[PDB]
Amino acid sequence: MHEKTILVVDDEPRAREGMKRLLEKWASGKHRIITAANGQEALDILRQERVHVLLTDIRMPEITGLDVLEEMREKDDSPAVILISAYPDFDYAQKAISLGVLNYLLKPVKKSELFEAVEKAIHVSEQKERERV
């Protein structure tokens, strides 16, 4: 009951683990924070386990965060997606819009905006868990 799995993907170790640490005290043990170091690790985790919220960097070698998304729009319980990037890139944002991202946060993320996005994402997750009837 109640406990959601949040996957944070970033190819920079300090950004990845820092964000993990931020979310881990924001969750206060109520949720499960996990991390991946790149797009292939994230895809591996996404295919083997329920992820409710996906928080991912966009620019990663070989497989971008947008690439990851296009593999999940092709699946059943696709997670709610927050993208993150150091780049205010309109092309990424436009593609992200077209793929249904919930938030595009810029680095470094203000923990105010980051907590806000995850809460909306956790909420959006419950909304489509109830459409099994």
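All residue numbers are counted from 1 along the displayed sequence.
Visitor: Taking only the CA atoms, which stretch has the higher mean B-factor in the record, 6-14 or 105-113?
Guide: Of 105-113 and 6-14, the stretch with the higher C-alpha B-factor average is 105-113.
Visitor: Please compare 121-129 with 19-27 and say which has the higher mean C-alpha temperature factor in the record.
Guide: Mean B over CA atoms: larger for 121-129.
Visitor: Specify which of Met72, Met60, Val81, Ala36 carries the largest Cα B factor in the deposited PDB entry.
Guide: Largest recorded C-alpha B-factor: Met72.
Visitor: Determine which member of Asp76, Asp67, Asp89, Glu41 has the highest CA B-factor, using the values in the deposited entry.
Guide: Largest recorded C-alpha B-factor: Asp76.
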